[PDB]
Amino acid sequence: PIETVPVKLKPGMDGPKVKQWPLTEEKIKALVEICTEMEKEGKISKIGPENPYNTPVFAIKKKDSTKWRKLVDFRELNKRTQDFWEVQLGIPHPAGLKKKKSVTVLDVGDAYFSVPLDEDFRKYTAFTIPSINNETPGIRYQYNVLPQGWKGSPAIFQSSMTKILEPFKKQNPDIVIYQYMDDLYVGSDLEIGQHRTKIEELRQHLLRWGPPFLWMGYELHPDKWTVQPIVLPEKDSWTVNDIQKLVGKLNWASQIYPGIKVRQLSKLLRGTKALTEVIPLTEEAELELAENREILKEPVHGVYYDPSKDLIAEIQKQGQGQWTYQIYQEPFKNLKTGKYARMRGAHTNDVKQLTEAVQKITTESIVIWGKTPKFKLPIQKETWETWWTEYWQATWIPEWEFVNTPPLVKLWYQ
Amino acid sequence: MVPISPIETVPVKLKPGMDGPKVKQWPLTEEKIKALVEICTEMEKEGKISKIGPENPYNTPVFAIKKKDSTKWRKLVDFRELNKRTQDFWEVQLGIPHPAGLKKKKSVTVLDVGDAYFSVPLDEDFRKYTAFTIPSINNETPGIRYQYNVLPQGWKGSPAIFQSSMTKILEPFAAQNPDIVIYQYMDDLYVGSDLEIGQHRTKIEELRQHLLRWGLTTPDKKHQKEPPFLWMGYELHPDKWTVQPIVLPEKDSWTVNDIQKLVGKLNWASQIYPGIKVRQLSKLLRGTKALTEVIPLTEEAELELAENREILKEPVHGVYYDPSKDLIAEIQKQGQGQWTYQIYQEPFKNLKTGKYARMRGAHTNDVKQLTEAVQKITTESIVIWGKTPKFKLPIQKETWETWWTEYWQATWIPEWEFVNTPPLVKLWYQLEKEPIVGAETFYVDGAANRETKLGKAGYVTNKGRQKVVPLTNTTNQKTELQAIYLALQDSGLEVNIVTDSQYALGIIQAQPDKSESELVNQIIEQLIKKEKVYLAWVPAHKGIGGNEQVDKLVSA
Ligand SMILES: Cc1cc(/C=C/C#N)cc(C)c1Oc1nc(NC2CCN(Cc3ccc(S(C)(=O)=O)cc3)CC2)nc2ncccc12
Ligand SMILES: [Mg+2]
């Protein structure tokens with residue numbers, strides 16, 4: 001690969017100027033080793049003070065591995081980089097992927113380093129390895145080749161990748177392959193045994209046709225991914241409190257589903273009764289309960305994915321290591337809901353669990369729609385921003401905002 | 001002639017679209033012109049500038065200024081236009097090291113490199129933009145026209161290019177001499193080591209030898225100034241550091257710039273003087289921007305200031321960092337949203353101190369603030385030492401566990417242990433998760449007329465207890481809180497409270513222990529006195545009886 005591809009920022013937009021955030025000594029040392037070798041291999045070069053741009057960088061340990069990986073936070077440059085139709089007006093995101101019985105995720109980002117980057121764009125990939133306490137000047141570098149994490153890298157490399165995959169694809173016509181940023185998602189309906197071998201068959205291809213983390217596979221079974229419909233309790237004795245909670249939950253559901261009614265149920269709450277008093281249900285209230293339960297079984301109507309609009313992901317801490325979440329574009333039109341428990345490694349760490357939940361939800365989003373959601377995190381910004389990079393294991397990074405006032409709706413996904 | 005290596009040029013551009021400066025030269029007195037001619041003739045002999053022809057169309061004004069005892073003239077080229085049009089640079093000198101991160105050095109020597117500064121060449125394609133004109137005597141000849149060959153003092157790029165140039169030159173020497181440190185600050189190079197004085201000066205000699213490869217002559221900083229170094233507002237002594245003396249003026253009439261300087265000093269002092277407080281003094285300057293307005297002191301500011309003076313009576317010092325020892329951070333609550341902390345490696349020998357003040361807001365609690373203080377210190381500690389300190393917190397392990405397992409947000413505090421240093425941070429009330437058997441059930445409600453501001457708040461209970469109170473100058477939201485307040489006042493130690501107020505739920509589920517709303521404060525005070533409170537929410541206007549009953553009672 002010798003020929004570059006012309007790339008430019010969006011009109012009337014300068015390159016990024018994002019402050020490097022402080023790094024621990026161990027992450028700094030890891031990056032110094034990584035970038036020293038990258039520099040020897042030609043992937044990056046030192047830069048001068050005439051380059052004012054900057055993009056933050058840090059270091060992660062991918063899931064179940066020893067070596068540090070460099071991770072550049074290109075979110076700012078990605079949004080400033082021109083929209084891409086590299087050779088084609090766009091790839092259709094494969095709706096087949098979310099249906100395969102098993103999807104393996106490969107870090108193929110190392111392949112980008114074999115394509116040179118347009119010499120005029122290189123300046124905009126500048127980043128800094130900070131020193132501790134500003135004791136020495138930060139080490140400044142820019143990319144000479146397609147960088148991992150940059151939006152343009154899969155775009156530009158897409159020609160070179162379709163051909164590497166071509167012998168494998170025409171051999172296996174029912175294997176669905178999707179590329180998102182530095183990841184390759186490879187879905188097959190066949191069962192386990194064949195998969196690791198077929199994935200390794202795919203791996204060898206990239207080695208013959210061309211890596212530090214290529215050996216690993218992230219295994220997913222989207223065919224078993226579970227949704228969370230809204231459930232009403234089934235009880236033989238209802239206290240006043242139970243019925244009040246039920247009417248609240250049904251009143252919230254009536255914003256989502258037509259024809260929810262609570263009149264007969266509300267009628268049982270006649271008078272000013274102790275909260276713990278058992279109220280027998282009237283048959284007309286029981287009928288209303290049954291009707292609402294029927295309504296809640298069906299899907300929400302008029303729910304469509306709109307590729308022009310952002311996906312929004314809300315997350316609630318439910319306690320005991322359980323988290324609920326909903327993905328939507330318009331409020332009350334959920335495209336997907338879910339629940340997680342038993343976040344491994346973090347039974348006494350909220351923020352680690354939240355970080356893994358964010359990564360699992362983003363992964364689900366890439367698979368289903370081919371993009372990442374904007375998160376609404378139930379956490380104070382300063383807590384999140386201090387800690388999330390300690391637990392981050394993905395090579396992409398979504399966007400997020402913070403919820404400071406407690407939603408009433410946490411109750412109705414419990 | 002010993003060949004010298006060239007210092008690599010930094011290429012420089014103007015901001016896109018913009019051209020270079022074209023500013024008229026002002027008239028100058030005959031005396032100033034002669035002064036400038038002599039100054040510039042010398043600088044021209046030294047290679048600093050070169051005479052140009054008339055085709056260059058750019059210009060920057062030059063001035064001649066006198067000093068008091070030095071009866072010399074000095075030249076000033078005003079590059080403000082050129083700087084407005086010069087590209088942005090990476091400014092490597094943004095971050096200043098904090099003294100508490102520094103390591104003790106047996107020996108440090110200072111080297112003047114201001115003379116090496118003029119060996120840094122200016123990008124040849126940029127020089128045209130630095131042209132200036134000495135007006136001629138009686139304007140009867142063409143003005144003498146010059147441009148820079150070296151980084152002009154006062155030009156936007158000179159600090160960054162000079163510092164980048166030195167760093168690149170120094171890099172191999174530093175890398176191959178890991179037992180020394182080198183730090184550049186303006187025109188001086190500081191070289192520190194733990195070598196004995198003899199082996200230290202040979203490293204210095206070796207460094208001079210290295211610099212001469214680029215032709216850089218560098219003698220000792222003349223008039224070696226005995227320690228401490230006075231640098232960026234600090235005193236760097238050999239074994240300790242501190243802020244430069246902090247003296248708080250005695251005043252009768254305190255204006256708004258008197259207290260900005262006073263909180264600035266106190267903020268600066270608080271990095272080493274423990275327990276500094278600035279809430280009451282800071283509060284006195286909310287909205288004013290006329291820097292001459294005199295503000296009366298609240299007696300709480302006089303108390304706070306007088307407390308600060310006691311802390312400032314004696315000088316205190318911090319120790320330098322030893323990476324072989326642990327790093328520990330200790331926090332105390334001071335009251336009124338104020339927090340103070342010490343960071344040390346061995347007890348009673350602080351590396352530094354500091355403080356944290358609560359964010360602006362209507363409702364808050366001590367645990368959240370302590371959590372914010374911890375994140376602030378964590379991040380500052382990453383900056384200074386590259387690691388998180390172990391914390392000693394005035395909160396029991398069980399309080400924290402109860403807080404974070406029940407709190408609606410994700411939260412986290414790094415490795416820490418309880419220190420028994422009152423006042424302790426505690427949870428002041430804990431709402432029930434289930435309705436209380438045998439506790440009276442209060443159905444509360446309130447409502448106000450948006451026009452008249454007249455309202456009603458009250459409750460009805462399962463025992464037939466009832467109350468409605470008429471209120472003036474209120475709102476829906478305030479009547480909703482007032483109704484909850486009445487139920488707390490009029491119930492026993494355990495009570496179930498039913499409200500339809502999403503606003504009141506939003507506040508109470510946030511678990512405040514203090515508020516700017518006095519009514520919310522009264523509610524917190526009631527909650528502290530209870531044994532059990534279960535707060536239940538229901539939607540309004542849904543025929544939920546009890547709720548429906550008191551809704552009608554309050555809607556007038
Ligand atoms: C070398 C240096 C000088 C200054 C000066 C500014 C002015 N103006 C500032 C900094 C940041 C700096 O850079 C670094 N400094 C340090 N440690 C400091 C700790 C305080 N001492 C004070 C002292 C000791 C000895 C003597 S003496 C021989 O007895 O006269 C006199 C004074 C100097 C060395 N560690 C470092 N580590 C790694 C990288 C850089 C480091
Ligand atoms: Mg009402």
Side-chain angles (χ1 to χ4, degrees), chain A residues 22-26 28 47-52 54 126 130 132-138 140 239-241 244-245 247-248 251-252 262-263 266-267 269-277 316-317 319-320 349-354 377-380 382-384 386-387 403 405-408 410, chain B residues 10-13 87-90 92 95-98 101-102 157 160-161 163-164 167 181 183 368 371-372 375-376 378-379 382-387 404-406 408-412 435-437 441 443 460-462 496 498 502 505-506 509-510 534 536-539 542-546 549:
Chain A
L23 296 186
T24 59
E25 181 158 30
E26 72 162 356
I28 291 172
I47 53 164
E50 82 277 12
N51 181 328
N54 198 61
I132 306 183
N133 198 31
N134 294 281
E135 288 183 3
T136 58
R140 298 263 298 151
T239 67
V240 175
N241 190 55
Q244 288 183 358
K245 296 192 310 172
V247 172
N251 173 66
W252 166 78
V262 301
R263 187 162 298 276
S266 285
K267 194 228 73 190
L269 301 183
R270 278 201 166 170
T272 309
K273 296 171 178 292
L275 283 200
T276 52
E277 187 164 312
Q316 305 83 38
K317 173 181 175 195
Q320 309 150 97
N349 189 331
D350 263 354
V351 174
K352 169 146 50 175
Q353 302 173 35
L354 179 56
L377 300 178
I379 187 170
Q380 290 299 108
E382 296 76 21
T383 297
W384 175 255
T386 302
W387 294 108
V403 183
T405 69
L408 216 48
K410 159 184 131 210
Chain B
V10 173
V12 186
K13 293 179 179 179
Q87 75 168 81
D88 291 331
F89 300 87
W90 192 246
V92 191
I96 284 311
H98 190 285
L102 303 182
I161 293 174
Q163 177 134 327
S164 301
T167 285
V181 299
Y183 184 75
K368 299 189 195 174
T371 301
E372 292 162 5
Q375 311 304 341
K376 181 204 167 129
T378 290
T379 288
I382 300 304
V383 166
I384 293 170
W385 301 282
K387 59 180 286 180
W404 82 256
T405 54
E406 304 289 337
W408 74 272
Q409 285 192 328
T411 184
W412 162 254
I436 306 145
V437 173
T441 295
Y443 295 83
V460 303
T461 87
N462 65 303
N496 300 297
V498 180
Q502 303 180 58
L505 253 299
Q509 290 191 319
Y534 176 73
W537 177 88
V538 299
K542 286 307 188 173
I544 284 165
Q549 267 73 3

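Each chain gets a letter, A, B and so on, in the order its sequence line appears, and its residues count up from 1.
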(message) Heavy-atom pairs under 4.5 Å with chain A: which of B/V460, B/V12, B/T405 has the most?
(response) B/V460
(message) Tell me every residue that passes side chain to side chain donor-acceptor pair (under 3.5 Å) with A/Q353, counting only those two or more places apart in sequence or in another chain.
(response) A/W323
(request) Would you mind checking which part of B/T371 comes under 4.5 Å of any heavy atom in chain A, side chain (CB onward), backbone (N, CA, C, O), both or neither? (result) side chain
(request) Hey, could you give me the OG1/OH distance between A/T136 and B/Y183, rounded to the nearest 0.5 Å? (result) 10.5 Å
(request) Please flag which part of B/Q509 lies under 4.5 Å from any non-hydrogen atom of chain A: side chain, backbone, both or neither. (result) both
(message) Determine whether A/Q244 and A/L269 satisfy the following criterion, side chain to side chain contact (heavy atoms under 4.5 Å, CB included), listing intermediate values before the conclusion.
(response) CA-CA 8 Å; A/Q244 288 183 358; A/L269 301 183; 3.5 Å; yes
(message) Which one wins on heavy-atom pair count under 4.5 Å against chain B: A/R140, A/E135, A/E26?
(response) A/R140
(message) Would the distance check show the side chain of B/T441 and the main-chain N or O of B/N462 forming a donor-acceptor pair, the cut-off being under 3.5 Å?
(response) no
(request) Taking atom CD of A/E25 as the centre, report whether more than 12 heavy atoms of other residues, nucleotides or ligands fall under 6.0 Å from it. (result) no
(request) Against chain A, label B/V538 side chain, backbone, both or neither, depending on which of its atoms sit under 4.5 Å from a heavy atom there. (result) side chain
(request) Count the heavy-atom pairs under 4.5 Å between each of B/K368, B/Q87, B/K387 and chain A, then report the option with the highest count. (result) B/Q87
(message) With a 4.5 angstrom heavy-atom cut-off, is it the side chain or the backbone of A/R263 that approaches chain B, or both, or neither?
(response) neither
(request) Could you check A/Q380 against B/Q409 for side-chain hydrogen bond (donor to acceptor under 3.5 Å, both in side chains), going step by step and ending with a plain yes or no? (result) CA-CA 8 Å; A/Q380 290 299 108; B/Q409 285 192 328; 3.0 Å; yes
(request) Quick one: pull up CD1 in B/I384 and CD1 in A/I132 and give me the separation to the nearest 0.5 Å. (result) 11.5 Å
(request) Identify the residue among A/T276, A/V240, A/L275 that makes a side-chain contact (heavy atoms from CB on, under 4.5 Å) with B/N496. (result) A/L275
(request) Could you check which of B/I96, B/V92, B/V181, B/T379 has the highest count of heavy-atom pairs closer than 4.5 Å to chain A? (result) B/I96
(request) Name the region of A/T405, side chain, backbone, both or neither, that has any atom closer than 4.5 Å to a heavy atom of chain B. (result) backbone
(request) Among A/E382, A/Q316, A/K273, single out the residue with the greatest number of heavy-atom pairs under 4.5 Å to chain B. (result) A/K273
(message) Which atoms of B/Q163 are under 4.5 Å from chain A, going by heavy atoms: the side chain, the backbone, both sets, or neither?
(response) neither
(message) Applying side chain to side chain contact (heavy atoms under 4.5 Å, CB included) to A/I379 and B/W412, what does each step give before you reach the verdict?
(response) CA-CA 10 Å; A/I379 187 170; B/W412 162 254; over 6 Å; no
(message) Please classify the contact between A/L23 and chain B as side chain, backbone, both or neither, with a heavy-atom cut-off of under 4.5 Å.
(response) backbone
(request) State whether the side chain of B/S164 and the backbone N or O of A/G48 hold a donor-acceptor pair below 3.5 Å, judged by distance alone. (result) no
(message) Looking only at heavy atoms and a cut-off of under 4.5 Å, which of A/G138, A/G319, A/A274, A/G248 has the most pairs with chain B?
(response) A/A274
(request) Using a cut-off of under 4.5 Å on heavy-atom pairs, state which of A/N241, A/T272, A/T24 scores highest against chain B. (result) A/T272
(message) Test side chain to side chain contact (heavy atoms under 4.5 Å, CB included) on A/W252 and A/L408; report intermediate values, then the result.
(response) CA-CA 10 Å; A/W252 166 78; A/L408 216 48; over 6 Å; no
(message) Need one label for B/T411: side chain, backbone, both or neither, based on atoms under 4.5 Å from any heavy atom in chain A.
(response) both
(message) Is B/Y443 close to chain A through its backbone or its side chain, or both, or neither, when contacts mean heavy atoms under 4.5 Å?
(response) side chain
(request) Measure distances from A/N251 to the heavy atoms of chain B and classify the residue's part below 4.5 Å as side chain, backbone, both or neither. (result) side chain
(request) Please look at B/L102 and chain A and tell me whether the side chain, the backbone, both or neither of the residue comes under 4.5 angstrom of a heavy atom of that chain. (result) both
(request) Sort out for me which of B/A510, B/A410, B/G95, B/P435 touches chain A most, counting heavy-atom pairs under 4.5 Å. (result) B/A410
(request) Would you please test B/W537 and B/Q502 for side chain to side chain contact (heavy atoms under 4.5 Å, CB included) and show each step? (result) CA-CA 8 Å; B/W537 177 88; B/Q502 303 180 58; 3.5 Å; yes
